[PDB]
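Report on the following structure.
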Amino acid sequence: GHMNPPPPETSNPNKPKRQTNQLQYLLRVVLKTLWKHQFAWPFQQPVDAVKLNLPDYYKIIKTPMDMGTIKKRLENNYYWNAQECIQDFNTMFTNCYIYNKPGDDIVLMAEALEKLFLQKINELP
Ligand SMILES: Cc1nnn(C)c1-c1cnc2c3cc(F)c(C(C)(C)O)cc3n([C@H](c3ccccc3)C3CCOCC3)c2c1
Ligand code: NA
Numbered sequence: 017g018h019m020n021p022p023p024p025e026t027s028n029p030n031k032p033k034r035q036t037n038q039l040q041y042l043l044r045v046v047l048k049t050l051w052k053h054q055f056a057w058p059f060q061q062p063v064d065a066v067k068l069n070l071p072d073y074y075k076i077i078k079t080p081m082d083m084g085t086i087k088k089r090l091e092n093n094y095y096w097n098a099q100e101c102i103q104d105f106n107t108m109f110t111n112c113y114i115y116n117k118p119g120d121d122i123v124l125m126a127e128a129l130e131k132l133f134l135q136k137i138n139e140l141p
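Residue numbers (the working numbering): 17 to 141.
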C-alpha cells in the first residue's frame, strides 16, 4: 500500500567544500551534543513510515529531515554556509510538531532536544 521515499541526499560532489569555525562548531559541538542526548535516538535516522506504520507521514511531511542526515551532510561538507545546516535542524523540529500533538511522547522528546539545540545555537561563534 505505501512505501518510504528515498532518504535525503547527503553528498553534493559537484559543489565546492570548505571548513569554517561555524561549520566545525555545528558538527563537533551542536550535533555531537544533541546526538548523545537521552531522547535523540528517534531523530538519528529518517522516519521509517513503513516499519512504524505511518501511511500519512510523507503525505503531511514533504521536507523530511533527521540528525543522521545532518551528521552525514556535515561529514561530507555538504554545507557551505552554517545557516543551511541550522535550517535542516529547524526543519527536523518543525516536522515533529506538524505531524504530532502536544502530550505525544515524541513531542516531549523533541521539545527537550530543541531546548538544548537553541542553547548551543544561540552561542554560535
Ligand atoms: C512519528 C514521528 N514523528 N516525528 N518523529 C521523529 C517520529 C519518530 C521517529 N522515529 C521513531 C522510532 C524509531 C524506532 F526504531 C522505534 C522502535 C521500532 C524501536 O519502536 C520507534 C520509533 N518511534 C516511535 C513512534 C511514534 C509515533 C508513532 C509510531 C512510532 C516513538 C519513539 C519514541 O517514543 C515514543 C514513540 C519514532 C517516532
Ligand atoms: Na502539532
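No residue lacks a Cβ here, since even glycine has one placed at the ideal position from N, Cα and C.
(Q) Rounded to whole angstroms, what is the Cα-Cα separation between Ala128 and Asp104? (A) Residue 128 sits at position 112 when you count from the first residue of the sequence shown. Residue 104 sits at position 88 when you count from the first residue of the sequence shown. Between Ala128 and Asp104, the alpha-carbon positions lie close to 17 Å from each other.
Q: Check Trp51 in the structure and name its three-state DSSP category.
A: Position 35 of the sequence shown, counting from 1, holds the residue named residue 51. Per DSSP, reduced to three states, the secondary structure at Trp51 is helical.
(Q) Can you check which of these residues, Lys117, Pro22, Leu42, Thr49, is closest to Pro141 by C-alpha distance? (A) Looking up residue 141 in the sequence shown gives position 125. Taking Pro141 as reference, the option from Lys117, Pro22, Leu42, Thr49 with the minimal CA-CA separation is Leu42.
**Q.** Whole-angstrom C-beta distance between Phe59 and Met83, which should lie under 8 Å
**A.** Translated into positions along the sequence shown, residue 83 becomes position 67. Translated into positions along the sequence shown, residue 59 becomes position 43. Contact check for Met83 and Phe59: beta-carbon distance about 5 Å, within the 8 Å limit, so the pair qualifies.
Q: Give the DSSP-derived three-state secondary structure of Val123 in the structure shown.
A: For the purposes of this step, residue 123 is taken as the residue at position 107 of the sequence shown. Helix at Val123.
Q.
Following a CB-centred definition, is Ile114 positioned closer than 7 Å to any heavy atom of ligand 2?
A. As a first step, residue 114 is located in the sequence shown; it is residue number 98 there, counting from the start. True, at least one ligand heavy atom lies under 7 Å from that Cβ.
**Q.** Distance, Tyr113 Cα to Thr107 Cα
**A.** For the purposes of this step, residue 107 is taken as the residue at position 91 of the sequence shown. For the purposes of this step, residue 113 is taken as the residue at position 97 of the sequence shown. Distance between the alpha carbons of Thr107 and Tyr113 is about 10 Å.
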